[PDB]
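A single chain, nothing else alongside it, follows as structure tokens in the form deposited in one PDB entry.
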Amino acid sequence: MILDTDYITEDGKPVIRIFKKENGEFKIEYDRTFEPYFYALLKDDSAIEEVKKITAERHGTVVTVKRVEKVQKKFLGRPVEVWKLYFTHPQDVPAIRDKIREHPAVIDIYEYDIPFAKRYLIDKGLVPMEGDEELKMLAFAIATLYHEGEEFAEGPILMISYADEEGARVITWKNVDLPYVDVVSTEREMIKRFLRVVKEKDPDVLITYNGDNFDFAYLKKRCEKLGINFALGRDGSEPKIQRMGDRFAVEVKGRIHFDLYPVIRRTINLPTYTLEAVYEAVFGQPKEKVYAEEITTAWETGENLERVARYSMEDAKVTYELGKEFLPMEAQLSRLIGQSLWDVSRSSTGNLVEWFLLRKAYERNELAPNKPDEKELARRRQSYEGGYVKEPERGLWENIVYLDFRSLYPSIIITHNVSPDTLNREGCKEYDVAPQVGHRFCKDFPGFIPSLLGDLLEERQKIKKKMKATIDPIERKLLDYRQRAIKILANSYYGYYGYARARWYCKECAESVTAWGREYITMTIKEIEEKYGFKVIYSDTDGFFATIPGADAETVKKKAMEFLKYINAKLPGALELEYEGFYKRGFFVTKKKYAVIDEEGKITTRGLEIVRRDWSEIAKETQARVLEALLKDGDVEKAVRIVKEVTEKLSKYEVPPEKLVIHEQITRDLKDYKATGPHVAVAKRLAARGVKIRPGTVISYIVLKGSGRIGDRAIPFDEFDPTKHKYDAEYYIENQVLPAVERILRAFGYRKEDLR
């Protein structure tokens, strides 16, 4: 299989490198013949003689057109002949593309900003990660000597651990008497030993957890201090640390550096993304955490270094196990998109949409539209109407069915052929007309995007059918993550239409999808209520909760299935309402905030404070206990006792101050805020000390006893001292606990006074 591609330059000429693993052997294929190019549409074919003469310069070098070729293509499905302009080196294209666009005989130019090594995959029809080849994988981790107030990596790496199918080991330069610990003389020999291990094992994949942003950079600084050629690359190169906007990423040439952290952070919703928390969530088994401050004391004192080495060994071990489970999911994405796992595992959904479209366009002989210029961008800043959200019938409900459209917006796109190559296209026999916004879509031929979505949705549904019939709970969870990844990808084709930077931008298509969605969901609601005597309790965009008031569970379930048969026969094309579940009880607080309990006692909560990372633990804990008392038991009196226990304890300062921390992310430079909330107030004070606040910095603060603005008396929790600071019990009662639970316990007649 193909692992990756890049290109280097030799004597001015590009050379594509294809990193392969075939029949158990690593290979680099060199392609010295593939040429960069872009396309020009000319006012007349005679003008090619001038265009071929155009020259530019780049750093001393004269840039010329190498050769040209007339080709017949389509643009949004309409046939057109263009000239394919070939050049000697990819960097010729930026240097000359504008001088060609500006030539008076050139109408427009296309496909002039495509990364060369990825262009190569598309045009050659090559897909990374195909085949039955078994890849060799190795995970690693490091333990470091940390002291507060030091520059990054000023202290040495203490241990390097690594794990694979054969087991896990730790390399260190202090004597530790564990069987899996290899002792060497110095930090330098440790690093060199690890380098030797990687070269001997020769893994196809190197697995880290946040190695993109810590492990490799730490190793780099140390290797700069120590004079080490850290030649992990299969071509003898060192890890390449690249900046991609606000964070970094690391390549090891000839291998795939698989950093789990961006994958997990995108797939699993967790309050914290420690390795321990991620391991427990996936496997159900605990992992002890040894903190940076314990690591340093153990090393300086020499006492209890076994515990550090075990912790280091386990980091590698679980990093490996996690990588074993998540690499196959990302490898499927890599094949679906047609790009390397390194890139696919680190990209936003929209970037994957566009790489997929660019490949499908190439296969269909469709020119890509260009990205917008600054003027076109500014023209694309208007919004448009989205999904319909019904105000809920607040309160407790019983015997509730949840019905929900399968992949609604993609299904609309498929059914109504919604696409920029079919919008208001004149001369067709057949059109579908979007409600409210009126855009007309030709139905006589499949639009480009509509014709691609069907295979995605069909693949998702297969994964789902397998997932629901899977006994192993871990394999089922991984199948869930996989079918969810395709759901988000397919919906991102819709969002792409309304995405200002998209090539296949189509705001008319975007708002037609949403308009059809609004029409379908409201039609389904009117139908189930009028023809089946259901009451719709709550509805959001394409699904709703309903019951038959007075009816038992058996009856509600029977009639719901009858409705589905009826309504799915009326719906067109790919549109399908699905039975998503039954809930014996449910509590609806507001739009987007509710909780339901299934017939097995499992509670699911949406939007409520329990699921919010920026509410205090004590508030979330209390609300969770309340909802369990209400929905699982029938004990409203117990729910209130819980609340009073909490307000009493908080008053008596019996609640552990750790449950009172508020976490809120900084999203911009501190100068760009217009209002200063508590987390910005704390962040500005930390900046004044020189701490360095960035977008993505999380402020974890606690509110101290006082009366004025909350940000005036808010401190970071790492500065809290119970011997000096009293937390603001009245604030956590009146501003965290009571608000979250009172919104539920109103429905039973409980005022705030009845709970404190």
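From 1 onward, residues are counted along the sequence shown. Think of the rigid core as the biggest set of C-alphas that the two forms share within 1.5 Å after superposition.
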Stretch with the greater mean C-alpha B-factor as recorded in the entry, comparing 334 to 342 against 282 to 290: 282 to 290
Mean B factor on CA atoms, stretches 680 to 688 and 532 to 540, record says higher is 680 to 688
With respect to the C-alpha temperature factors reported in the PDB entry, which of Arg460, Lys649, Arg234, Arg364 ranks highest? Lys649
Reading the B-factor column of the entry, which of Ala629, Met523, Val198, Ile412 has the highest value at its C-alpha atom? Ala629
Going by the entry, which third of its chain does the Cα temperature factor of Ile702 land in? middle
Taking the values exactly as deposited, rank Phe720 by C-alpha B-factor within its chain and report the matching third: lowest, middle or highest. highest
Taking the chain's C-alpha temperature factors as the reference, tell me which third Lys20 falls into: lowest, middle or highest. middle
Thinking about Cα B factors across the chain, which third does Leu3 belong to? middle
Based on the entry's values, in what third of the chain does the Cα temperature factor of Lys570 lie: lowest, middle or highest? middle
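The protein also exists as the form deposited in another entry; that form is not presented, and the subsequent description refers to it.
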To test your reading of the superposition: with the rigid core aligned, which of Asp432, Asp421, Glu511, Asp259 moves its Cα by 2 angstroms or more between this form and the one not shown? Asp259
Look at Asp164 and decide if its Cα position differs by 2 Å or more between this form and the one not shown after superposing on the rigid core. yes
For a quick test of reading the superposition: does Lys592 move by 2 Å or more at the CA between this form and the one not shown, rigid core aligned? no
With both forms fit on the core, has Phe544 moved 2 Å or more by CA between this form and the one not shown? no
